[PDB]
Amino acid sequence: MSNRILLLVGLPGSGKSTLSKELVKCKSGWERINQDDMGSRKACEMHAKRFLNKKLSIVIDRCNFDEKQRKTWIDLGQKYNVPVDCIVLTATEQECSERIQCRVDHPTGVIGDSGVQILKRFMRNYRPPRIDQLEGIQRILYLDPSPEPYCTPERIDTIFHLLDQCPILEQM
């Protein structure tokens, strides 16, 4: 089938919303799941089921910061027999700190010097997926930041091409 669950993993300020907003703009048949606008994680799940029932692809724009957080979405993939691909945004804590410092307001409340302190607290819990330890993810792309702060349609195409060159970890 044409559809997938795309799990974004990355720190606050790493660029998850930038990528996901451009993706749904650029490519037919994609919906963005986001809790800071959606309401609750159950509401995210509810919307995800509705979209998968329509055979849509979904991009999970959440930090997806450890194995237990990712399991929600991997279980959903298994139930629907829909593959789970993952993009890990490889911005460092210092890069994200600098970006957060530049926010004046934000739906997450991770803003400015307050936001920097939040990020520091978060680092205790951030456990991105490893190629070895198998969670049921099909492929993992580790995506370097672009020099530019915006995401183009061309970047979206580059990303999907890079993802296609990633080895299959768990076969459908």
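Residue positions are given as counts along the sequence shown, with the first one as 1.
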Looking only at C-alpha temperature factors in the entry, 51-59 or 111-119, the higher average sits in 51-59
Of 128-136 vs 38-46, the stretch with the larger average CA B-factor in the entry is 38-46
Of the three thirds of the chain ranked by Cα temperature factor, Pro145 occupies the lowest
By its CA B factor, does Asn81 count among the lowest, middle or highest third of the modelled residues in the chain? highest
If you rank every modelled residue in this chain by C-alpha B factor, which third holds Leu8: lowest, middle or highest? lowest
Position of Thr72 among the chain's modelled residues by C-alpha B-factor, lowest, middle or highest third: highest
Taking the entry's C-alpha B-factors for this chain, is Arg155 in the lowest, middle or highest third? middle
